[PDB]
$ cat model07.txt   # compact mmCIF, N, CA and C atoms and all ligand atoms
# COMPACT_ATOMS: atom_id res chain seq x y z
N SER K 22 0.82 -1.21 0.00
CA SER K 22 0.00 0.00 0.00
C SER K 22 0.83 1.22 0.00
N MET K 23 0.25 2.33 -0.46
CA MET K 23 0.94 3.58 -0.43
C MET K 23 1.04 4.17 0.98
N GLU K 24 0.04 3.93 1.85
CA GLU K 24 0.10 4.33 3.25
C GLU K 24 1.35 3.65 3.96
N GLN K 25 1.49 2.34 3.81
CA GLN K 25 2.72 1.66 4.27
C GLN K 25 4.02 2.24 3.75
N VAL K 26 4.09 2.52 2.46
CA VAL K 26 5.24 3.23 1.91
C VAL K 26 5.53 4.57 2.56
N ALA K 27 4.47 5.35 2.79
CA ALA K 27 4.65 6.69 3.40
C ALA K 27 5.21 6.59 4.85
N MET K 28 4.76 5.60 5.61
CA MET K 28 5.28 5.33 6.96
C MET K 28 6.75 4.91 6.92
N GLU K 29 7.07 4.01 5.98
CA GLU K 29 8.49 3.61 5.72
C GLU K 29 9.39 4.77 5.33
N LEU K 30 8.92 5.68 4.47
CA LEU K 30 9.70 6.89 4.16
C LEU K 30 9.88 7.78 5.41
N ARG K 31 8.86 7.90 6.25
CA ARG K 31 8.98 8.68 7.50
C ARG K 31 10.04 8.04 8.46
N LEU K 32 10.01 6.72 8.59
CA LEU K 32 11.00 6.00 9.42
C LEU K 32 12.40 6.22 8.92
N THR K 33 12.55 6.21 7.60
CA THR K 33 13.86 6.48 6.99
C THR K 33 14.37 7.86 7.25
N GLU K 34 13.51 8.87 7.11
CA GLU K 34 13.93 10.24 7.39
C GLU K 34 14.20 10.44 8.89
N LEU K 35 13.40 9.86 9.79
CA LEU K 35 13.76 9.90 11.20
C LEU K 35 15.15 9.28 11.44
N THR K 36 15.41 8.10 10.83
CA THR K 36 16.72 7.47 10.88
C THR K 36 17.84 8.39 10.44
N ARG K 37 17.61 9.14 9.35
CA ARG K 37 18.61 10.11 8.86
C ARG K 37 18.94 11.14 9.91
N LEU K 38 17.91 11.66 10.55
CA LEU K 38 18.06 12.70 11.55
C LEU K 38 18.76 12.14 12.82
N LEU K 39 18.34 10.95 13.27
CA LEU K 39 18.97 10.29 14.40
C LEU K 39 20.43 9.92 14.15
N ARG K 40 20.81 9.65 12.90
CA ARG K 40 22.22 9.50 12.55
C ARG K 40 23.04 10.76 12.77
N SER K 41 22.50 11.89 12.34
CA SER K 41 23.20 13.17 12.51
C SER K 41 23.31 13.50 14.01
N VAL K 42 22.24 13.23 14.76
CA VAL K 42 22.25 13.33 16.21
C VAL K 42 23.36 12.42 16.82
N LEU K 43 23.46 11.18 16.35
CA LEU K 43 24.40 10.23 16.92
C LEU K 43 25.83 10.69 16.65
N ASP K 44 26.07 11.16 15.43
CA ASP K 44 27.38 11.70 15.10
C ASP K 44 27.77 12.91 15.96
N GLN K 45 26.81 13.82 16.18
CA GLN K 45 27.00 15.00 17.04
C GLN K 45 27.31 14.66 18.50
N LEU K 46 26.63 13.63 19.02
CA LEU K 46 26.86 13.18 20.42
C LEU K 46 28.22 12.54 20.56
N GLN K 47 28.59 11.77 19.55
CA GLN K 47 29.79 11.07 19.57
C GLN K 47 30.98 12.05 19.44
N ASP K 48 30.79 13.17 18.75
CA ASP K 48 31.83 14.22 18.69
C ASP K 48 32.09 14.87 20.02
N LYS K 49 31.15 14.75 20.96
CA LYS K 49 31.32 15.28 22.30
C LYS K 49 32.10 14.35 23.25
N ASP K 50 32.52 13.21 22.69
CA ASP K 50 33.28 12.12 23.34
C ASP K 50 34.53 11.86 22.56
N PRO K 51 35.44 12.88 22.41
CA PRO K 51 36.66 12.64 21.63
C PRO K 51 37.57 11.52 22.17
N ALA K 52 37.51 11.28 23.48
CA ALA K 52 38.28 10.22 24.12
C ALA K 52 37.80 8.81 23.79
N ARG K 53 36.59 8.73 23.24
CA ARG K 53 35.96 7.52 22.86
C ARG K 53 35.70 6.58 24.05
N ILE K 54 35.39 7.16 25.19
CA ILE K 54 35.05 6.45 26.45
C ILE K 54 33.78 5.61 26.22
N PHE K 55 32.86 6.20 25.48
CA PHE K 55 31.50 5.57 25.28
C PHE K 55 31.27 4.92 23.88
N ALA K 56 32.36 4.79 23.09
CA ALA K 56 32.30 4.28 21.74
C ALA K 56 31.92 2.81 21.57
N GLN K 57 32.31 1.95 22.52
CA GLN K 57 32.22 0.52 22.36
C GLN K 57 31.72 -0.12 23.65
N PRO K 58 31.17 -1.32 23.58
CA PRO K 58 30.73 -1.93 24.85
C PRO K 58 31.87 -2.10 25.88
N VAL K 59 31.52 -2.01 27.15
CA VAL K 59 32.43 -2.41 28.21
C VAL K 59 32.81 -3.88 27.96
N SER K 60 34.10 -4.19 27.99
CA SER K 60 34.47 -5.62 27.84
C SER K 60 34.27 -6.51 29.10
N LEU K 61 33.38 -7.52 29.02
CA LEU K 61 33.11 -8.45 30.15
C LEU K 61 34.30 -9.31 30.46
N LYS K 62 35.28 -9.33 29.56
CA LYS K 62 36.62 -9.85 29.83
C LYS K 62 37.59 -8.80 30.52
N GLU K 63 37.11 -7.63 30.94
CA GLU K 63 38.01 -6.59 31.65
C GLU K 63 37.33 -5.71 32.78
N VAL K 64 36.04 -5.78 32.91
CA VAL K 64 35.41 -5.38 34.13
C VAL K 64 34.61 -6.64 34.29
N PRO K 65 35.23 -7.73 34.83
CA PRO K 65 34.53 -9.02 34.69
C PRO K 65 33.22 -9.12 35.44
N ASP K 66 33.12 -8.32 36.52
CA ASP K 66 31.87 -8.22 37.34
C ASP K 66 30.82 -7.22 36.82
N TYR K 67 31.13 -6.59 35.68
CA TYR K 67 30.24 -5.52 35.12
C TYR K 67 28.79 -5.85 35.07
N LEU K 68 28.46 -7.05 34.59
CA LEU K 68 27.04 -7.43 34.48
C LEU K 68 26.30 -7.80 35.80
N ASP K 69 27.03 -8.02 36.88
CA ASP K 69 26.37 -8.07 38.20
C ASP K 69 25.88 -6.69 38.62
N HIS K 70 26.56 -5.64 38.12
CA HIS K 70 26.20 -4.26 38.42
C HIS K 70 25.19 -3.63 37.50
N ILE K 71 25.41 -3.79 36.20
CA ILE K 71 24.68 -3.06 35.17
C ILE K 71 23.84 -4.04 34.33
N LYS K 72 22.52 -3.87 34.40
CA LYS K 72 21.59 -4.79 33.75
C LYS K 72 21.37 -4.63 32.26
N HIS K 73 21.50 -3.40 31.78
CA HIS K 73 21.32 -3.04 30.37
C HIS K 73 22.49 -2.16 29.89
N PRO K 74 23.62 -2.78 29.61
CA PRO K 74 24.76 -2.07 29.01
C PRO K 74 24.43 -1.41 27.70
N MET K 75 25.09 -0.29 27.45
CA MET K 75 24.86 0.46 26.26
C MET K 75 26.12 1.27 25.92
N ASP K 76 26.22 1.58 24.65
CA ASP K 76 27.38 2.24 24.03
C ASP K 76 27.00 2.76 22.66
N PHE K 77 27.85 3.60 22.08
CA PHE K 77 27.54 4.22 20.80
C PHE K 77 27.56 3.23 19.63
N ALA K 78 28.40 2.20 19.64
CA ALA K 78 28.42 1.24 18.54
C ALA K 78 27.13 0.44 18.49
N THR K 79 26.64 0.09 19.67
CA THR K 79 25.38 -0.63 19.80
C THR K 79 24.19 0.21 19.30
N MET K 80 24.17 1.50 19.64
CA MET K 80 23.14 2.40 19.12
C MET K 80 23.21 2.52 17.60
N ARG K 81 24.43 2.66 17.06
CA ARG K 81 24.64 2.74 15.62
C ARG K 81 24.10 1.47 14.90
N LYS K 82 24.32 0.28 15.46
CA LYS K 82 23.77 -0.95 14.89
C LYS K 82 22.24 -0.93 14.83
N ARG K 83 21.62 -0.48 15.91
CA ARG K 83 20.16 -0.40 15.97
C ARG K 83 19.63 0.64 14.97
N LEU K 84 20.34 1.73 14.81
CA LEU K 84 19.96 2.78 13.91
C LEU K 84 20.03 2.31 12.48
N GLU K 85 21.08 1.57 12.13
CA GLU K 85 21.20 1.04 10.77
C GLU K 85 20.15 -0.02 10.39
N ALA K 86 19.58 -0.72 11.37
CA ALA K 86 18.38 -1.52 11.22
C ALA K 86 17.05 -0.72 11.33
N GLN K 87 17.12 0.61 11.28
CA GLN K 87 15.94 1.49 11.49
C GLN K 87 15.18 1.08 12.73
N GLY K 88 15.94 0.74 13.76
CA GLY K 88 15.40 0.23 14.99
C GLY K 88 14.85 1.25 16.00
N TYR K 89 15.00 2.54 15.75
CA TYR K 89 14.40 3.57 16.64
C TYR K 89 13.13 4.15 15.95
N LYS K 90 11.98 3.86 16.54
CA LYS K 90 10.69 4.32 15.97
C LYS K 90 10.37 5.76 16.32
N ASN K 91 11.06 6.34 17.32
CA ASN K 91 10.81 7.73 17.72
C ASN K 91 12.04 8.26 18.49
N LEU K 92 12.07 9.54 18.78
CA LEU K 92 13.23 10.12 19.45
C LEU K 92 13.33 9.67 20.88
N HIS K 93 12.20 9.48 21.55
CA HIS K 93 12.22 8.97 22.92
C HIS K 93 13.02 7.65 23.08
N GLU K 94 12.83 6.70 22.17
CA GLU K 94 13.59 5.46 22.22
C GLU K 94 15.11 5.68 22.10
N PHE K 95 15.50 6.56 21.21
CA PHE K 95 16.91 6.88 21.01
C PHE K 95 17.49 7.56 22.28
N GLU K 96 16.78 8.55 22.78
CA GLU K 96 17.14 9.18 24.07
C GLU K 96 17.29 8.23 25.23
N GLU K 97 16.41 7.23 25.34
CA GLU K 97 16.53 6.21 26.39
C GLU K 97 17.86 5.48 26.34
N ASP K 98 18.29 5.16 25.13
CA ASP K 98 19.59 4.45 24.94
C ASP K 98 20.75 5.41 25.29
N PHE K 99 20.64 6.68 24.92
CA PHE K 99 21.70 7.63 25.29
C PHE K 99 21.77 7.80 26.83
N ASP K 100 20.62 7.93 27.47
CA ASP K 100 20.56 7.98 28.93
C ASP K 100 21.09 6.74 29.65
N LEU K 101 20.95 5.56 29.07
CA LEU K 101 21.61 4.36 29.59
C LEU K 101 23.12 4.47 29.55
N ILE K 102 23.68 4.98 28.45
CA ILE K 102 25.12 5.14 28.37
C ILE K 102 25.60 5.98 29.61
N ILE K 103 24.94 7.12 29.80
CA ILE K 103 25.33 8.06 30.84
C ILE K 103 25.07 7.48 32.23
N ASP K 104 23.86 6.98 32.43
CA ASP K 104 23.43 6.53 33.73
C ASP K 104 24.19 5.33 34.23
N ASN K 105 24.46 4.37 33.35
CA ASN K 105 25.26 3.20 33.70
C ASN K 105 26.64 3.63 34.18
N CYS K 106 27.22 4.58 33.46
CA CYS K 106 28.59 5.01 33.77
C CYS K 106 28.62 5.68 35.21
N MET K 107 27.63 6.51 35.49
CA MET K 107 27.50 7.21 36.76
C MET K 107 27.20 6.31 37.90
N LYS K 108 26.68 5.10 37.64
CA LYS K 108 26.43 4.15 38.69
C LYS K 108 27.69 3.31 38.98
N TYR K 109 28.28 2.74 37.94
CA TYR K 109 29.43 1.83 38.10
C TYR K 109 30.68 2.56 38.61
N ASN K 110 30.91 3.77 38.11
CA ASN K 110 32.07 4.57 38.48
C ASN K 110 31.81 5.61 39.56
N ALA K 111 32.78 5.81 40.44
CA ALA K 111 32.64 6.78 41.51
C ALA K 111 32.72 8.22 41.02
N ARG K 112 32.05 9.10 41.76
CA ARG K 112 32.07 10.56 41.50
C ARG K 112 33.43 11.21 41.23
N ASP K 113 34.47 10.68 41.85
CA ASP K 113 35.83 11.21 41.70
C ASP K 113 36.57 10.74 40.43
N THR K 114 35.95 9.94 39.58
CA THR K 114 36.71 9.35 38.51
C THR K 114 36.54 10.11 37.23
N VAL K 115 37.53 9.96 36.36
CA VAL K 115 37.46 10.46 34.98
C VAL K 115 36.19 9.96 34.22
N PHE K 116 35.81 8.74 34.48
CA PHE K 116 34.67 8.13 33.76
C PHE K 116 33.37 8.81 34.15
N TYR K 117 33.18 8.96 35.45
CA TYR K 117 31.93 9.61 35.93
C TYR K 117 31.88 11.04 35.41
N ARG K 118 32.99 11.76 35.56
CA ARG K 118 33.03 13.13 35.09
C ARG K 118 32.80 13.26 33.60
N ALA K 119 33.34 12.34 32.80
CA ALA K 119 33.11 12.36 31.34
C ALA K 119 31.61 12.16 31.03
N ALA K 120 30.94 11.30 31.81
CA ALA K 120 29.47 11.07 31.64
C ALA K 120 28.69 12.37 31.94
N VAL K 121 29.08 13.07 33.00
CA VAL K 121 28.41 14.33 33.34
C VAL K 121 28.53 15.32 32.19
N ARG K 122 29.74 15.48 31.65
CA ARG K 122 30.03 16.40 30.58
C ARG K 122 29.28 16.03 29.28
N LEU K 123 29.23 14.74 28.98
CA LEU K 123 28.48 14.28 27.81
C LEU K 123 26.98 14.52 27.93
N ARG K 124 26.41 14.26 29.12
CA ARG K 124 25.04 14.57 29.42
C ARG K 124 24.74 16.07 29.16
N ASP K 125 25.61 16.92 29.69
CA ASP K 125 25.41 18.39 29.58
C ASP K 125 25.45 18.85 28.14
N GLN K 126 26.51 18.46 27.44
CA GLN K 126 26.70 18.76 26.02
C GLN K 126 25.66 18.09 25.09
N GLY K 127 25.23 16.89 25.45
CA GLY K 127 24.21 16.16 24.70
C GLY K 127 22.81 16.74 24.86
N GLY K 128 22.51 17.34 26.03
CA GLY K 128 21.29 18.10 26.27
C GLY K 128 20.94 19.13 25.20
N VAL K 129 21.95 19.88 24.79
CA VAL K 129 21.83 20.90 23.73
C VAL K 129 21.37 20.24 22.41
N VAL K 130 22.09 19.19 22.02
CA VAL K 130 21.89 18.49 20.75
C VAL K 130 20.48 17.89 20.72
N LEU K 131 20.10 17.22 21.80
CA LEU K 131 18.78 16.56 21.91
C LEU K 131 17.62 17.53 21.97
N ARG K 132 17.86 18.70 22.53
CA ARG K 132 16.85 19.72 22.68
C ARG K 132 16.38 20.23 21.32
N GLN K 133 17.34 20.44 20.40
CA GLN K 133 17.03 20.86 19.04
C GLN K 133 16.49 19.70 18.20
N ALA K 134 17.00 18.49 18.41
CA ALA K 134 16.45 17.33 17.68
C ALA K 134 14.95 17.18 17.93
N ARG K 135 14.51 17.36 19.18
CA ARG K 135 13.10 17.32 19.54
C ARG K 135 12.27 18.38 18.79
N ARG K 136 12.76 19.60 18.77
CA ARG K 136 12.12 20.66 17.96
C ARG K 136 12.04 20.30 16.44
N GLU K 137 13.13 19.77 15.85
CA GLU K 137 13.14 19.37 14.43
C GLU K 137 12.18 18.20 14.11
N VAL K 138 12.10 17.22 15.01
CA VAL K 138 11.24 16.05 14.83
C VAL K 138 9.76 16.45 14.92
N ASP K 139 9.46 17.32 15.89
CA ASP K 139 8.12 17.92 16.04
C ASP K 139 7.75 18.77 14.83
N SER K 140 8.66 19.65 14.42
CA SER K 140 8.46 20.57 13.32
C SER K 140 8.29 19.87 11.96
N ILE K 141 9.19 18.94 11.63
CA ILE K 141 9.13 18.16 10.38
C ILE K 141 7.97 17.14 10.38
N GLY K 142 7.54 16.72 11.57
CA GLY K 142 6.50 15.70 11.74
C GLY K 142 7.11 14.31 11.77
NA NA K 201 28.27 4.50 42.15

$ encode --input "model07.txt" --output "structure tokens" --more "lines below"
Ligand code: NA
Amino acid sequence: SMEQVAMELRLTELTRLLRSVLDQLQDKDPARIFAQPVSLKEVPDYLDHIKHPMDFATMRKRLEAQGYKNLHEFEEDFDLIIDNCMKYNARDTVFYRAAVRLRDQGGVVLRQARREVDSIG
């Protein structure tokens, strides 16, 4: 049907926009702290602590499968990256502080993405 096609085109354009968002967030992480999953072979107890691990490579995989149906879903995954880091790592660490800074800088990017998604429909 043409209605199905129109929904598919909308999902694709949302995907395009979420890609540009993902690239922008990732530019705020030049150290690449959040680029890849935590290795269960190097924080071996990680999964006793953190129930839903997340990272930018994992988000990129989901995005390439057009796996985010709306901005809220994408935001939830970004908030997991930040929130997991702030739980596992202490306040005094480089990791916790990098999560705080990414949250702050990512706020700006997400704030405009919400306006663009609303505006474009
Ligand atoms: Na903690």

$ residues_near_ligand --input "model07.txt" --ligand "ligand NA 201 (chain K)" --cutoff "6.5 Å" --atoms "only N, CA and C atoms and all ligand atoms" --output "ChimeraX atom specification"
/K:107-112

$ closest_atom_pairs --input "model07.txt" --of "stretch 24-100 of chain K" --to "stretch 120-130 of chain K" --cutoff "10 Å" --atoms "only C-alpha atoms" --output "CSV"
residue,atom,partner,partner_atom,distance
K:41,CA,K:130,CA,9.9
K:42,CA,K:130,CA,6.9
K:43,CA,K:130,CA,9.4
K:45,CA,K:130,CA,7.2
K:46,CA,K:127,CA,5.8
K:47,CA,K:123,CA,8.9
K:48,CA,K:123,CA,9.7
K:49,CA,K:123,CA,6.3
K:50,CA,K:123,CA,6.9
K:54,CA,K:120,CA,8.9
K:55,CA,K:120,CA,8.6
K:96,CA,K:127,CA,10.0
K:99,CA,K:124,CA,8.7
K:100,CA,K:124,CA,8.0

$ atom_distance --input "model07.txt" --atom1 "atom CA of residue K:25" --atom2 "atom CA of residue K:82"
23.7 Å

$ select_by_dssp --input "model07.txt" --residues "chain K" --states "alpha helix (DSSP H)" --output "VMD selection string"
chain K and resid 23 to 47 67 to 70 77 to 85 92 to 109 115 to 141

$ residues_around --input "model07.txt" --residues "residue K:89" --least-positions-apart "4" --cutoff "9 Å" --atoms "only C-alpha atoms" --output "PyMOL selection string"
chain K and resi 32+35-36+39+83-84+93-95

$ write_last_selection --input "model07.txt" --atoms "N, CA and C atoms" --output "PDB file, in the coordinates of the input"
ATOM      1  N   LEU K  32      10.010   6.720   8.590  1.00  0.00           N
ATOM      2  CA  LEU K  32      11.000   6.000   9.420  1.00  0.00           C
ATOM      3  C   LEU K  32      12.400   6.220   8.920  1.00  0.00           C
ATOM      4  N   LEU K  35      13.400   9.860   9.790  1.00  0.00           N
ATOM      5  CA  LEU K  35      13.760   9.900  11.200  1.00  0.00           C
ATOM      6  C   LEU K  35      15.150   9.280  11.440  1.00  0.00           C
ATOM      7  N   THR K  36      15.410   8.100  10.830  1.00  0.00           N
ATOM      8  CA  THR K  36      16.720   7.470  10.880  1.00  0.00           C
ATOM      9  C   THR K  36      17.840   8.390  10.440  1.00  0.00           C
ATOM     10  N   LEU K  39      18.340  10.950  13.270  1.00  0.00           N
ATOM     11  CA  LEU K  39      18.970  10.290  14.400  1.00  0.00           C
ATOM     12  C   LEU K  39      20.430   9.920  14.150  1.00  0.00           C
ATOM     13  N   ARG K  83      21.620  -0.480  15.910  1.00  0.00           N
ATOM     14  CA  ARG K  83      20.160  -0.400  15.970  1.00  0.00           C
ATOM     15  C   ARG K  83      19.630   0.640  14.970  1.00  0.00           C
ATOM     16  N   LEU K  84      20.340   1.730  14.810  1.00  0.00           N
ATOM     17  CA  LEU K  84      19.960   2.780  13.910  1.00  0.00           C
ATOM     18  C   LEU K  84      20.030   2.310  12.480  1.00  0.00           C
ATOM     19  N   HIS K  93      12.200   9.480  21.550  1.00  0.00           N
ATOM     20  CA  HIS K  93      12.220   8.970  22.920  1.00  0.00           C
ATOM     21  C   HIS K  93      13.020   7.650  23.080  1.00  0.00           C
ATOM     22  N   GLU K  94      12.830   6.700  22.170  1.00  0.00           N
ATOM     23  CA  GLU K  94      13.590   5.460  22.220  1.00  0.00           C
ATOM     24  C   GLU K  94      15.110   5.680  22.100  1.00  0.00           C
ATOM     25  N   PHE K  95      15.500   6.560  21.210  1.00  0.00           N
ATOM     26  CA  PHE K  95      16.910   6.880  21.010  1.00  0.00           C
ATOM     27  C   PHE K  95      17.490   7.560  22.280  1.00  0.00           C
TER      28      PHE K  95
END

$ closest_residue --input "model07.txt" --among "K:74, K:88, K:58, K:51" --to "residue K:102" --atoms "only N, CA and C atoms"
K:74

$ atom_distance --input "model07.txt" --atom1 "atom N of residue K:72" --atom2 "atom N of residue K:134"
28.0 Å

$ atom_distance --input "model07.txt" --atom1 "atom N of residue K:80" --atom2 "atom N of residue K:141"
24.3 Å

$ closest_residue --input "model07.txt" --among "K:87, K:57, K:133, K:105" --to "residue K:71" --atoms "only C-alpha atoms"
K:105

$ decode --input "model07.txt" --residues "stretch 108-140 of chain K" --atoms "N, CA and C atoms" --output "JSON list (two decimals), in the first residue's frame"
[["chain", "number", "residue", "atom", "x", "y", "z"],
["K", 108, "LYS", "N", 26.68, 5.10, 37.64],
["K", 108, "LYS", "CA", 26.43, 4.15, 38.69],
["K", 108, "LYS", "C", 27.69, 3.31, 38.98],
["K", 109, "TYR", "N", 28.28, 2.74, 37.94],
["K", 109, "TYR", "CA", 29.43, 1.83, 38.10],
["K", 109, "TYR", "C", 30.68, 2.56, 38.61],
["K", 110, "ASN", "N", 30.91, 3.77, 38.11],
["K", 110, "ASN", "CA", 32.07, 4.57, 38.48],
["K", 110, "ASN", "C", 31.81, 5.61, 39.56],
["K", 111, "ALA", "N", 32.78, 5.81, 40.44],
["K", 111, "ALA", "CA", 32.64, 6.78, 41.51],
["K", 111, "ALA", "C", 32.72, 8.22, 41.02],
["K", 112, "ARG", "N", 32.05, 9.10, 41.76],
["K", 112, "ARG", "CA", 32.07, 10.56, 41.50],
["K", 112, "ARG", "C", 33.43, 11.21, 41.23],
["K", 113, "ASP", "N", 34.47, 10.68, 41.85],
["K", 113, "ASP", "CA", 35.83, 11.21, 41.70],
["K", 113, "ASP", "C", 36.57, 10.74, 40.43],
["K", 114, "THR", "N", 35.95, 9.94, 39.58],
["K", 114, "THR", "CA", 36.71, 9.35, 38.51],
["K", 114, "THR", "C", 36.54, 10.11, 37.23],
["K", 115, "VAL", "N", 37.53, 9.96, 36.36],
["K", 115, "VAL", "CA", 37.46, 10.46, 34.98],
["K", 115, "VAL", "C", 36.19, 9.96, 34.22],
["K", 116, "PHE", "N", 35.81, 8.74, 34.48],
["K", 116, "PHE", "CA", 34.67, 8.13, 33.76],
["K", 116, "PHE", "C", 33.37, 8.81, 34.15],
["K", 117, "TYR", "N", 33.18, 8.96, 35.45],
["K", 117, "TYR", "CA", 31.93, 9.61, 35.93],
["K", 117, "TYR", "C", 31.88, 11.04, 35.41],
["K", 118, "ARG", "N", 32.99, 11.76, 35.56],
["K", 118, "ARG", "CA", 33.03, 13.13, 35.09],
["K", 118, "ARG", "C", 32.80, 13.26, 33.60],
["K", 119, "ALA", "N", 33.34, 12.34, 32.80],
["K", 119, "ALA", "CA", 33.11, 12.36, 31.34],
["K", 119, "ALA", "C", 31.61, 12.16, 31.03],
["K", 120, "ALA", "N", 30.94, 11.30, 31.81],
["K", 120, "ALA", "CA", 29.47, 11.07, 31.64],
["K", 120, "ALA", "C", 28.69, 12.37, 31.94],
["K", 121, "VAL", "N", 29.08, 13.07, 33.00],
["K", 121, "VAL", "CA", 28.41, 14.33, 33.34],
["K", 121, "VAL", "C", 28.53, 15.32, 32.19],
["K", 122, "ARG", "N", 29.74, 15.48, 31.65],
["K", 122, "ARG", "CA", 30.03, 16.40, 30.58],
["K", 122, "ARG", "C", 29.28, 16.03, 29.28],
["K", 123, "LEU", "N", 29.23, 14.74, 28.98],
["K", 123, "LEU", "CA", 28.48, 14.28, 27.81],
["K", 123, "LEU", "C", 26.98, 14.52, 27.93],
["K", 124, "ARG", "N", 26.41, 14.26, 29.12],
["K", 124, "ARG", "CA", 25.04, 14.57, 29.42],
["K", 124, "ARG", "C", 24.74, 16.07, 29.16],
["K", 125, "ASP", "N", 25.61, 16.92, 29.69],
["K", 125, "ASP", "CA", 25.41, 18.39, 29.58],
["K", 125, "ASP", "C", 25.45, 18.85, 28.14],
["K", 126, "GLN", "N", 26.51, 18.46, 27.44],
["K", 126, "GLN", "CA", 26.70, 18.76, 26.02],
["K", 126, "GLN", "C", 25.66, 18.09, 25.09],
["K", 127, "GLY", "N", 25.23, 16.89, 25.45],
["K", 127, "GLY", "CA", 24.21, 16.16, 24.70],
["K", 127, "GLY", "C", 22.81, 16.74, 24.86],
["K", 128, "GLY", "N", 22.51, 17.34, 26.03],
["K", 128, "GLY", "CA", 21.29, 18.10, 26.27],
["K", 128, "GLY", "C", 20.94, 19.13, 25.20],
["K", 129, "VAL", "N", 21.95, 19.88, 24.79],
["K", 129, "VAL", "CA", 21.83, 20.90, 23.73],
["K", 129, "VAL", "C", 21.37, 20.24, 22.41],
["K", 130, "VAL", "N", 22.09, 19.19, 22.02],
["K", 130, "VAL", "CA", 21.89, 18.49, 20.75],
["K", 130, "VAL", "C", 20.48, 17.89, 20.72],
["K", 131, "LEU", "N", 20.10, 17.22, 21.80],
["K", 131, "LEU", "CA", 18.78, 16.56, 21.91],
["K", 131, "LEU", "C", 17.62, 17.53, 21.97],
["K", 132, "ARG", "N", 17.86, 18.70, 22.53],
["K", 132, "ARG", "CA", 16.85, 19.72, 22.68],
["K", 132, "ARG", "C", 16.38, 20.23, 21.32],
["K", 133, "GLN", "N", 17.34, 20.44, 20.40],
["K", 133, "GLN", "CA", 17.03, 20.86, 19.04],
["K", 133, "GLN", "C", 16.49, 19.70, 18.20],
["K", 134, "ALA", "N", 17.00, 18.49, 18.41],
["K", 134, "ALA", "CA", 16.45, 17.33, 17.68],
["K", 134, "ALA", "C", 14.95, 17.18, 17.93],
["K", 135, "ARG", "N", 14.51, 17.36, 19.18],
["K", 135, "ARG", "CA", 13.10, 17.32, 19.54],
["K", 135, "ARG", "C", 12.27, 18.38, 18.79],
["K", 136, "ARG", "N", 12.76, 19.60, 18.77],
["K", 136, "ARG", "CA", 12.12, 20.66, 17.96],
["K", 136, "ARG", "C", 12.04, 20.30, 16.44],
["K", 137, "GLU", "N", 13.13, 19.77, 15.85],
["K", 137, "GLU", "CA", 13.14, 19.37, 14.43],
["K", 137, "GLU", "C", 12.18, 18.20, 14.11],
["K", 138, "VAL", "N", 12.10, 17.22, 15.01],
["K", 138, "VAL", "CA", 11.24, 16.05, 14.83],
["K", 138, "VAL", "C", 9.76, 16.45, 14.92],
["K", 139, "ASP", "N", 9.46, 17.32, 15.89],
["K", 139, "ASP", "CA", 8.12, 17.92, 16.04],
["K", 139, "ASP", "C", 7.75, 18.77, 14.83],
["K", 140, "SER", "N", 8.66, 19.65, 14.42],
["K", 140, "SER", "CA", 8.46, 20.57, 13.32],
["K", 140, "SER", "C", 8.29, 19.87, 11.96]]
